[PDB]
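Okay, so here's just one chain, in structure tokens, the form solved without ligand IMP.
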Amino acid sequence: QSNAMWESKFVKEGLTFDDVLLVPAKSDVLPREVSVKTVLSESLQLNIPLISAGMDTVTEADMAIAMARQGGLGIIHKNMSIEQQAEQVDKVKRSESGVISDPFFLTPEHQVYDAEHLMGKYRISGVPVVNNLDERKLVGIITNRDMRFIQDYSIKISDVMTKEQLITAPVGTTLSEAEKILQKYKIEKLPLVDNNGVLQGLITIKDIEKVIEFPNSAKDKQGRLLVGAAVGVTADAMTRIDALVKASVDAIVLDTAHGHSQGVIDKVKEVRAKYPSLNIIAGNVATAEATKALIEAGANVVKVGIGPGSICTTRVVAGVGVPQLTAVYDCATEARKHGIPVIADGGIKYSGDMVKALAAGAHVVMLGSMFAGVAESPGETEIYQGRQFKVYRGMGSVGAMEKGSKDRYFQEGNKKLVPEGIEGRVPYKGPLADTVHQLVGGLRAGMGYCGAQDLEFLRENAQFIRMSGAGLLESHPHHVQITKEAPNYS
């Protein structure tokens, strides 16, 4: 077939969110009752199908805590040093239930400075103290309550801790039973020791009251919040990866602009080979062939989308891409054959778009722009025309690339950059929870319409219908002047 490539140049046709509507269907299930949980793997389980993009304007520790608390996942960005990125991961892991099996501790010879340091770093209200670092016999605890009486923090621990026997509990004490012990004895902390009195761990009422406050939290087997981390394909990738895995990261995202590059495929094999059980998310790919190549290399999740991002110019400057809905569907067709979930990354303006990507076969969606004006996002708020804004930049933008996204665009050494992205700003949105509430609300409605009691049914079942540009103008509100909008719509 000498001329086959040449003749098939223009045959393919793609579709995106605005070309298409979901067709309503026979439904015995109400929006209220549907299940929105998704399993990306046995060690990664979300209560909502949402991930925040690793981007320096989108996700850092607080955003990751917030997302995890709602049931989704944050991906900490790589535009910081290895020490810095692993420190962020650790903060997220230790937000709740973090010191139960692996406590920090001090000796009476440390200064109050150290105790202030740990408490502020992890937001944990007390620090257990041991006789020395070898034996680790618990001698007492310095807490936030002890702290308010201390003026100069340069003093040694032994001076501020007045002994009284404090209530401790055996190893493997559990939240539910710690809940009554704290209640019964009227205490906020519960050190865990063995029969020899050696400190094994610590439980706080925060650990307990956070379970009540965020009942939908996405957590590992130990009850700690899930967190992911971005890693590029660079000579230092394994080093970055090593420190992440030691910080108990639940997933890495190997993040590149072209997932089908041999360099990416090799890095995945090399990472899978060193960490057989590590959750590995790899992207971006827009095709079936690319999807199969990442999976065979050992990726256990595949991230889909080339160019669709609100801030990306890849399609404009390089001329390259696939319309996102076709991309998701093309990639989901392949990954389904392997029982592998895909992430739809980029292009989602409204909650409806999310529904469409999930009905096209994605297990989960990853959002940049809808999360950047949110309160937990890294940047602070800027003023334009009296209203508050937050900066949002493409990983392809010159600004982002100077701060270490260069490898993503294969620009890694270059003195003069050629950006695939742009810089912009988004309105301040308030706390993340409210944005998720609307997102999940729109999903529940659509699943209601499509008769899907859970996300699996939705991917396997839901049917779309294509429309014209005139079909799009009908779908939006039209030809009436809008006095007041909604959180779901503009």
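Each residue number is its position in the shown sequence, starting from 1. Only the largest set of C-alpha atoms that superpose within 1.5 Å between the two forms is called the rigid core.
The same protein also exists as the form solved in complex with ligand IMP; that form is not shown, yet it is the one meant from here on.
*Asks:* Out of 274-282, 361-369, 224-232, 195-203, where are the residues with a heavy atom within 4.5 Å of ligand IMP in the entry with it bound?
*Replies:* Contact criterion met by 361-369 only.
*Asks:* Among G373, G140, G346, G98, which has at least one heavy atom within 4.5 Å of ligand IMP in the entry with it bound?
*Replies:* Flagged contact: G346.
*Asks:* Heavy atom within 4.5 Å of ligand IMP in the entry with it bound: which of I241, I75, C312, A332?
*Replies:* Comparing distances to ligand IMP in the entry with it bound, the residue within 4.5 Å is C312.
*Asks:* Does at least one non-hydrogen atom of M447 fall within 4.5 angstroms of ligand IMP in the entry with it bound?
*Replies:* Close contact is absent here: in the entry with it bound, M447 is far from ligand IMP, nothing within 4.5 Å, heavy atoms only.
*Asks:* Are any of the heavy atoms in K303 no more than 4.5 Å from a heavy atom of ligand IMP in the entry with it bound?
*Replies:* Judged by the heavy-atom cut-off of 4.5 Å, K303 is in contact with ligand IMP in the entry with it bound.
*Asks:* In the entry with it bound, is there a heavy atom of ligand IMP that lies within 4.5 Å of any heavy atom of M55, even though the partner is absent here?
*Replies:* It does: once ligand IMP is placed as it appears in the entry with it bound, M55 has a heavy atom within 4.5 Å of it.
*Asks:* Looking between this form and the one not shown after fitting on the rigid core, I'd like to know which of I383, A235, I212, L133 has a C-alpha displacement of 2 Å or more.
*Replies:* Looking at each option in turn, only one qualifies, and it is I383.
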